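**Student:** Below you will find the structure I want to go over with you.
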Protein chains: 2
Amino acid sequence: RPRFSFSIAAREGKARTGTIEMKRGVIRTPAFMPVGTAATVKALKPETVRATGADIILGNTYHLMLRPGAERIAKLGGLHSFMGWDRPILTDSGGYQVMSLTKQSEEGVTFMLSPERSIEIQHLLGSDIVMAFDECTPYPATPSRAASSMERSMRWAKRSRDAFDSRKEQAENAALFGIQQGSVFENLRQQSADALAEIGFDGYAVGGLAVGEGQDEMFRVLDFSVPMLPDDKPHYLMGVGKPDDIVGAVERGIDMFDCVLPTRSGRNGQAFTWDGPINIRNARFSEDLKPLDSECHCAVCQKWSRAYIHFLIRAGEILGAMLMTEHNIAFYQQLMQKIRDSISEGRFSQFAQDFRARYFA
Amino acid sequence: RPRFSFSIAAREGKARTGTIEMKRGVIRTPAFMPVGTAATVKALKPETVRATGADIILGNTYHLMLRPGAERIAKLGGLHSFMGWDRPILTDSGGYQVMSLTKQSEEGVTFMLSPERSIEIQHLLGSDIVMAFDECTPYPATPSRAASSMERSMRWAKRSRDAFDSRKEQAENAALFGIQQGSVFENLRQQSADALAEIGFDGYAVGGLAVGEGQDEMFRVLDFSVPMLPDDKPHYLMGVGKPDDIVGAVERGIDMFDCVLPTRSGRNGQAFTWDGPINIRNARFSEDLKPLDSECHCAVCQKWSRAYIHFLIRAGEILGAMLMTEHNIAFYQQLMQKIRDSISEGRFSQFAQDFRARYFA
Ligand SMILES: [Zn+2]
Ligand SMILES: [Zn+2]
């Protein structure tokens, strides 16, 4: 396989379906990436992650650069070998969780994580898709602060590009994505898109939109922001999201997604179904012998009842977290498969309407 | 298969190896039963429990009779269906954890759990091997109190027998074990063995010895206590134990074992190896790329390093509990397999010596 090749096989409106071919595997798009917060997708063996249909996972960098440390993971053979996942891994830059979980300057953030150090950490982990180091502008932001933040991020995008390219093994085997910023402002989104395309990246993320602005506003910003990106490269909406967010983002040209919702909320008792989410802890499930979802093909829904999973979660049992997480990730992957197939068949608009009618009934 | 058939295929000294055939499967003896505290072997899917080699699990009754309740589990189809384990389950009486986790009388314990109610709860769960309801005499015990406790337990053993036999479906499909008590006193152990054999049971447990008396004293009591039991029925040492305890108990005629040590201590970071236990949290493992044990055939030792499991456990990650638990239960099952094979081949005494020489090196 090549280092990186994105091919679009079918289109419907702004929606696209296709593949990204990388050295460690093929990624079917639109793609959902389960999140590994600290070298594990919580409560799942990697073979179970793969069994749900995931082609690629997102590895957070922030925790690993603190413990065990990027150099130690490299010494142990890289993140893939360490955690036992041999397919592509996309790593974030570590900057976002540095702020959320500090002194910012033009050189980077002290808490020193510079663009150069972020790229190096992602190299030491052995990332397949490296994210440029930037700032996720807070929401809401004044136009002046959004502009200042975006402009710095574009300077850091060039520094990220140059650091990536300076390291032969990384440039030849990994890919690099740039991140569009600009808050909710069309002119800043355009300037950011232009700056990133001038630098040149393997894919383009839409950053700064998983920030509490609400779906209407997110969709409004995507409406004008995604067309600004190069059409022939993947479009990655970072940190999104709920099932209906994903469907509407695909309708607007997004190819890649990640979020902790299916894993984190799964451990908290929320199960996704085609009839909307349910909280399995609710007393109404105490004697419900049906599976979590009536159509889901996952191993959890083949074998165990709502009643049992209700009992496990209310008991705090580890198997409850395991089963909820496997189902939720499998549900997300089945959603992505239905999206891909419906685009391929030119019936995605109908699928989106049917999905929403039943999910929000 | 029959309701119950214990066959001894080979013997060496007091040690025996053979099979128990029951409706839901064959149990290879000597057997180790992983413990399911509340309708789950903590952090393992049932298919993973089976993959380690377990033929039967122990289901604690105490938590389940409180939540969800025995009647509710019966309404949902029984414990086997509820938790997804279709092979034999041995259930305890619930009385021990009633005391540890109260008003005792001749009728039972209020906290009302009588012998009759304990047998009924185990029936409602769908137990394959039902334990008579008794008292685990505290250690140490005066001869007078040990005698009083043992005598009551023998009255309760007859009540347990009669309750079991009164219920046609249970009498025809499950088995019933009686429990020898008597603390550390030979005369009381003999009276208890005699009383149980007069009543008649499918198997005989040695109760009251997982109670902090130390291995020397446990072995001393087993030396005279196991020969008192019917030779042609299984001998079950409740709540034991560490690997060397199991080896020495088999040397003394025990056929069945259970304890929480491999599961509970696994989640706490203790891994069993043929060179003795290790605490994987110790800094010495932070860069150790070897598997938990150099010879272990389990899936964990095929795929992941000490260094990774060290990281997971020190991070509190659920996958750390999962991997430690699978390895520890697999280690116990491999110990039981080596015991069975060495008895079958007439080299168990040599195996015991070789095992101790390396485990305690
Ligand atoms: Zn499912
Ligand atoms: Zn192992």
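Chain lettering (A, B, ...) mirrors the order of the structure tokens, residue numbering begins at 1 for each chain separately, and ligand numbering begins at 1 in order of display.
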Given a cut-off of 8 Å, what residues near ligand 2 show up using only C-alpha atoms and all ligand atoms, put as a list in words?
**Tutor:**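 These are the residues that qualify: residues 291, 292, 293, 295, 296, 297, 298, 299, 300, 301, 302, 326, 327, 328, 330 and 331 of chain B.
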**Student:** Can you list, as an NGL selection string, every protein, DNA or RNA residue that comes within 12 Å of residue 268 of chain A when you count only C-alpha atoms, leaving out same-chain residues fewer than 5 positions away?
**Tutor:** :A and (260-263 or 278-282 or 309-310 or 312-318 or 320-325 or 328)
**Student:** Could those selected residues go to a file with N, CA and C atoms, as a compact mmCIF listing (two decimals), in the first residue's frame?
**Tutor:**
```
# COMPACT_ATOMS: atom_id res chain seq x y z
N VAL A 260 -15.55 10.64 22.22
CA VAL A 260 -15.60 9.73 23.35
C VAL A 260 -17.02 9.33 23.73
N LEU A 261 -18.04 9.92 23.10
CA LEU A 261 -19.42 9.66 23.51
C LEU A 261 -19.78 8.17 23.59
N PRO A 262 -19.52 7.33 22.57
CA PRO A 262 -19.94 5.93 22.70
C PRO A 262 -19.20 5.18 23.80
N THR A 263 -17.93 5.50 24.04
CA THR A 263 -17.19 4.82 25.11
C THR A 263 -17.54 5.39 26.48
N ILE A 278 -30.89 5.09 25.06
CA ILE A 278 -31.60 4.68 26.27
C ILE A 278 -30.60 4.70 27.42
N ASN A 279 -31.09 4.90 28.65
CA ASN A 279 -30.23 4.76 29.81
C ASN A 279 -30.57 3.43 30.46
N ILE A 280 -29.65 2.48 30.33
CA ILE A 280 -29.92 1.11 30.72
C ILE A 280 -30.12 0.98 32.22
N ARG A 281 -29.71 1.98 33.00
CA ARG A 281 -29.93 1.92 34.45
C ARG A 281 -31.39 2.12 34.82
N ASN A 282 -32.20 2.65 33.91
CA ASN A 282 -33.60 2.93 34.24
C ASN A 282 -34.33 1.65 34.64
N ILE A 309 -27.56 -6.38 31.47
CA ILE A 309 -26.65 -5.24 31.39
C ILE A 309 -27.08 -4.15 32.38
N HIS A 310 -28.40 -3.96 32.53
CA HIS A 310 -28.95 -3.11 33.59
C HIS A 310 -28.39 -3.50 34.95
N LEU A 312 -25.67 -5.30 35.63
CA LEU A 312 -24.22 -5.10 35.72
C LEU A 312 -23.86 -3.64 35.95
N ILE A 313 -24.50 -2.73 35.21
CA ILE A 313 -24.13 -1.32 35.31
C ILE A 313 -24.53 -0.77 36.67
N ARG A 314 -25.70 -1.16 37.17
CA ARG A 314 -26.12 -0.70 38.49
C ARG A 314 -25.30 -1.34 39.61
N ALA A 315 -24.65 -2.47 39.34
CA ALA A 315 -23.72 -3.07 40.29
C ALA A 315 -22.29 -2.53 40.17
N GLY A 316 -22.00 -1.72 39.15
CA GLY A 316 -20.65 -1.23 38.95
C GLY A 316 -19.68 -2.28 38.43
N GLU A 317 -20.20 -3.34 37.81
CA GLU A 317 -19.36 -4.44 37.35
C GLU A 317 -18.60 -4.07 36.08
N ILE A 318 -17.34 -4.52 36.02
CA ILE A 318 -16.51 -4.23 34.86
C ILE A 318 -17.13 -4.78 33.59
N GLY A 320 -20.11 -4.84 32.79
CA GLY A 320 -21.09 -3.88 32.30
C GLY A 320 -20.46 -2.83 31.40
N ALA A 321 -19.31 -2.29 31.82
CA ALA A 321 -18.60 -1.32 31.00
C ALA A 321 -18.15 -1.95 29.70
N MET A 322 -17.66 -3.20 29.77
CA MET A 322 -17.19 -3.88 28.56
C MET A 322 -18.32 -4.06 27.55
N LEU A 323 -19.48 -4.55 28.01
CA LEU A 323 -20.56 -4.85 27.09
C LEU A 323 -21.19 -3.58 26.53
N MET A 324 -21.43 -2.57 27.38
CA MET A 324 -21.98 -1.31 26.88
C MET A 324 -21.05 -0.68 25.85
N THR A 325 -19.74 -0.73 26.11
CA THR A 325 -18.79 -0.09 25.21
C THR A 325 -18.73 -0.82 23.87
N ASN A 328 -21.87 0.03 21.89
CA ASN A 328 -21.94 1.41 21.41
C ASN A 328 -20.98 1.65 20.26
```
**Student:** Please list as a VMD selection string every residue within 8 Å of residue 17 of chain A, counting only C-alpha atoms and excluding residues in the same chain fewer than 6 positions away.
**Tutor:** chain A and resid 8 to 11 28 to 30 255 340 343 to 344
**Student:** Would you output that residue set with C-alpha atoms, as a short mmCIF file (atom, residue, chain, number, x, y, z; two decimals), in the first residue's frame?
**Tutor:**
```cif
data_model
loop_
_atom_site.label_atom_id
_atom_site.label_comp_id
_atom_site.auth_asym_id
_atom_site.auth_seq_id
_atom_site.Cartn_x
_atom_site.Cartn_y
_atom_site.Cartn_z
CA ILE A 8 -13.59 8.94 -3.71
CA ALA A 9 -15.72 6.11 -5.12
CA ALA A 10 -19.19 7.69 -4.98
CA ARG A 11 -20.82 11.05 -4.24
CA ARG A 28 -13.35 3.24 4.70
CA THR A 29 -14.89 6.71 4.60
CA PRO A 30 -16.93 8.23 6.03
CA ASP A 255 -15.25 12.14 5.84
CA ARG A 340 -21.28 4.48 3.19
CA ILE A 343 -24.00 7.10 -0.52
CA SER A 344 -22.64 4.35 -2.78
#
```
**Student:** Between A:303, A:1, A:24, A:123, which is the closest to chain B once you count only C-alpha atoms?
**Tutor:**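 For chain B, the nearest of the candidates is A:303.
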**Student:** Near residue 130 of chain B, counting only C-alpha atoms, which residues have an atom at most 12 Å away, once you skip same-chain residues fewer than 2 positions from it, shown as a ChimeraX atom specification?
**Tutor:** /B:58-61,88-94,115,118-128,132-133,157,160-161,163-165,170-171,173-179,201-205
**Student:** Hey, can you spit out that residue selection with N, CA and C atoms as a tab-separated table (two decimals), in the first residue's frame?
**Tutor:**
```tsv
chain	number	residue	atom	x	y	z
B	58	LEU	N	-18.12	-21.08	40.23
B	58	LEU	CA	-18.85	-20.92	41.47
B	58	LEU	C	-19.61	-19.61	41.39
B	59	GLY	N	-20.92	-19.68	41.62
B	59	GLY	CA	-21.74	-18.49	41.72
B	59	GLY	C	-22.09	-18.23	43.16
B	60	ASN	N	-21.62	-17.09	43.68
B	60	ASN	CA	-22.06	-16.69	45.01
B	60	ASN	C	-23.55	-16.40	44.97
B	61	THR	N	-24.24	-16.77	46.04
B	61	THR	CA	-25.68	-16.59	46.16
B	61	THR	C	-26.06	-15.30	46.90
B	88	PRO	N	-21.75	-26.21	33.95
B	88	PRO	CA	-22.16	-26.32	35.35
B	88	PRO	C	-21.81	-25.08	36.17
B	89	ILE	N	-22.68	-24.79	37.13
B	89	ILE	CA	-22.45	-23.76	38.14
B	89	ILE	C	-22.65	-24.40	39.50
B	90	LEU	N	-21.68	-24.23	40.40
B	90	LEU	CA	-21.85	-24.59	41.80
B	90	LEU	C	-22.23	-23.31	42.54
B	91	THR	N	-23.29	-23.36	43.34
B	91	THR	CA	-23.68	-22.20	44.14
B	91	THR	C	-23.40	-22.44	45.62
B	92	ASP	N	-22.93	-21.39	46.30
B	92	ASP	CA	-22.81	-21.52	47.74
B	92	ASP	C	-24.17	-21.26	48.40
B	93	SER	N	-24.23	-21.48	49.71
B	93	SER	CA	-25.51	-21.44	50.40
B	93	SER	C	-25.97	-20.03	50.70
B	94	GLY	N	-25.06	-19.05	50.65
B	94	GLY	CA	-25.37	-17.69	51.01
B	94	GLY	C	-25.18	-17.37	52.47
B	115	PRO	N	-32.12	-23.13	56.08
B	115	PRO	CA	-31.70	-24.18	55.13
B	115	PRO	C	-32.67	-24.35	53.98
B	118	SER	N	-32.40	-21.40	51.57
B	118	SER	CA	-31.15	-21.43	50.82
B	118	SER	C	-31.24	-22.42	49.66
B	119	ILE	N	-31.77	-23.62	49.93
B	119	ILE	CA	-31.92	-24.61	48.86
B	119	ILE	C	-32.87	-24.08	47.79
B	120	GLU	N	-33.94	-23.39	48.21
B	120	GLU	CA	-34.90	-22.85	47.24
B	120	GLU	C	-34.27	-21.76	46.38
B	121	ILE	N	-33.47	-20.89	46.99
B	121	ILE	CA	-32.79	-19.85	46.23
B	121	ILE	C	-31.86	-20.47	45.20
B	122	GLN	N	-31.08	-21.46	45.62
B	122	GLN	CA	-30.19	-22.14	44.68
B	122	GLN	C	-30.97	-22.83	43.57
B	123	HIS	N	-32.16	-23.35	43.89
B	123	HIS	CA	-33.02	-23.91	42.85
B	123	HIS	C	-33.48	-22.83	41.88
B	124	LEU	N	-33.92	-21.68	42.41
B	124	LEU	CA	-34.40	-20.59	41.56
B	124	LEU	C	-33.30	-20.07	40.65
B	125	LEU	N	-32.06	-20.04	41.15
B	125	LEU	CA	-30.94	-19.67	40.29
B	125	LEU	C	-30.67	-20.72	39.22
B	126	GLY	N	-31.09	-21.96	39.45
B	126	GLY	CA	-30.80	-23.04	38.52
B	126	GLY	C	-29.44	-23.67	38.73
B	127	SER	N	-28.97	-23.71	39.97
B	127	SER	CA	-27.68	-24.29	40.30
B	127	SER	C	-27.58	-25.75	39.87
B	128	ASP	N	-26.39	-26.13	39.40
B	128	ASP	CA	-26.13	-27.54	39.13
B	128	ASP	C	-25.60	-28.28	40.35
B	132	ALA	N	-25.28	-27.55	50.78
B	132	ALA	CA	-26.07	-27.50	52.00
B	132	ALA	C	-25.78	-26.21	52.77
B	133	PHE	N	-26.78	-25.76	53.51
B	133	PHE	CA	-26.68	-24.53	54.29
B	133	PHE	C	-26.10	-24.86	55.66
B	157	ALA	N	-27.85	-29.92	57.73
B	157	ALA	CA	-27.52	-30.74	56.56
B	157	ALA	C	-28.67	-31.69	56.24
B	160	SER	N	-31.34	-29.59	54.72
B	160	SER	CA	-30.99	-29.27	53.34
B	160	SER	C	-31.28	-30.45	52.40
B	161	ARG	N	-30.87	-31.65	52.82
B	161	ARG	CA	-31.14	-32.88	52.07
B	161	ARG	C	-32.63	-33.03	51.78
B	163	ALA	N	-35.08	-30.76	51.92
B	163	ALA	CA	-35.62	-29.71	51.06
B	163	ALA	C	-35.27	-29.97	49.60
B	164	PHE	N	-34.00	-30.32	49.34
B	164	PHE	CA	-33.56	-30.67	47.99
B	164	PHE	C	-34.39	-31.80	47.41
B	165	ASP	N	-34.60	-32.87	48.19
B	165	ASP	CA	-35.28	-34.05	47.67
B	165	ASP	C	-36.77	-33.81	47.44
B	170	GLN	N	-35.39	-30.28	40.95
B	170	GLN	CA	-34.05	-30.10	41.50
B	170	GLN	C	-33.39	-31.45	41.79
B	171	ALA	N	-34.13	-32.36	42.43
B	171	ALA	CA	-33.56	-33.67	42.76
B	171	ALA	C	-33.13	-34.42	41.51
B	173	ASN	N	-32.17	-33.09	38.48
B	173	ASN	CA	-31.26	-32.43	37.55
B	173	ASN	C	-30.03	-31.81	38.20
B	174	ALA	N	-30.05	-31.57	39.50
B	174	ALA	CA	-28.92	-31.00	40.22
B	174	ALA	C	-28.33	-32.04	41.16
B	175	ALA	N	-27.20	-31.67	41.77
B	175	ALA	CA	-26.55	-32.46	42.80
B	175	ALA	C	-26.47	-31.65	44.08
B	176	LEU	N	-26.26	-32.35	45.20
B	176	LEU	CA	-26.22	-31.73	46.52
B	176	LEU	C	-24.95	-32.16	47.25
B	177	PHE	N	-24.17	-31.20	47.75
B	177	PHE	CA	-22.97	-31.50	48.53
B	177	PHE	C	-23.22	-31.16	50.00
B	178	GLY	N	-22.74	-32.03	50.89
B	178	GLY	CA	-22.73	-31.73	52.31
B	178	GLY	C	-21.37	-31.19	52.72
B	179	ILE	N	-21.32	-30.49	53.86
B	179	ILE	CA	-20.11	-29.80	54.28
B	179	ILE	C	-19.66	-30.31	55.64
B	201	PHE	N	-24.75	-37.71	50.45
B	201	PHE	CA	-24.65	-36.59	49.54
B	201	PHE	C	-23.91	-37.03	48.28
B	202	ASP	N	-24.02	-36.20	47.24
B	202	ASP	CA	-23.30	-36.46	45.99
B	202	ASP	C	-21.83	-36.11	46.08
B	203	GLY	N	-21.46	-35.24	46.99
B	203	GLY	CA	-20.07	-34.88	47.20
B	203	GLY	C	-19.98	-34.27	48.58
B	204	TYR	N	-18.74	-34.15	49.06
B	204	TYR	CA	-18.49	-33.73	50.44
B	204	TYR	C	-17.46	-32.62	50.44
B	205	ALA	N	-17.83	-31.47	50.99
B	205	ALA	CA	-16.90	-30.38	51.14
B	205	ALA	C	-16.21	-30.45	52.49
```
**Student:** Please determine, counting only C-alpha atoms and all ligand atoms, which residue among A:27, A:180, A:348, A:290 has the shortest atom-to-atom distance to ligand 1.
**Tutor:**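 Among the listed residues, the smallest separation from ligand 1 belongs to A:290.
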**Student:** Should the cut-off be 7 Å, what would the residue list for chain A against chain B look like, counting only C-alpha atoms, as a PDB file with C-alpha atoms, in the first residue's frame?
**Tutor:**
```
ATOM      1  CA  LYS A  42     -11.379   1.884  27.399  1.00  0.00           C
ATOM      2  CA  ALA A  43     -12.715  -1.569  28.364  1.00  0.00           C
ATOM      3  CA  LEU A  44     -12.014  -3.223  24.960  1.00  0.00           C
ATOM      4  CA  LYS A  45      -9.258  -5.460  23.687  1.00  0.00           C
ATOM      5  CA  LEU A  76       9.244  -0.262  23.871  1.00  0.00           C
ATOM      6  CA  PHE A  82       2.617  -1.437  23.006  1.00  0.00           C
ATOM      7  CA  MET A  83      -1.196  -1.596  22.904  1.00  0.00           C
ATOM      8  CA  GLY A  84      -1.585  -4.380  20.338  1.00  0.00           C
ATOM      9  CA  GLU A 287     -36.807  -7.388  33.411  1.00  0.00           C
ATOM     10  CA  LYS A 303     -25.862 -12.924  23.641  1.00  0.00           C
ATOM     11  CA  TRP A 304     -27.088 -10.729  26.531  1.00  0.00           C
ATOM     12  CA  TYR A 308     -28.499  -8.355  32.545  1.00  0.00           C
ATOM     13  CA  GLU A 317     -19.360  -4.438  37.348  1.00  0.00           C
ATOM     14  CA  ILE A 318     -16.506  -4.226  34.862  1.00  0.00           C
ATOM     15  CA  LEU A 319     -18.360  -6.535  32.460  1.00  0.00           C
TER      16      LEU A 319
END
```
**Student:** Can you list every residue in segment 116-159 of chain B that DSSP puts in alpha helix (DSSP H), as a VMD selection string?
**Tutor:** chain B and resid 116 to 125 143 to 159
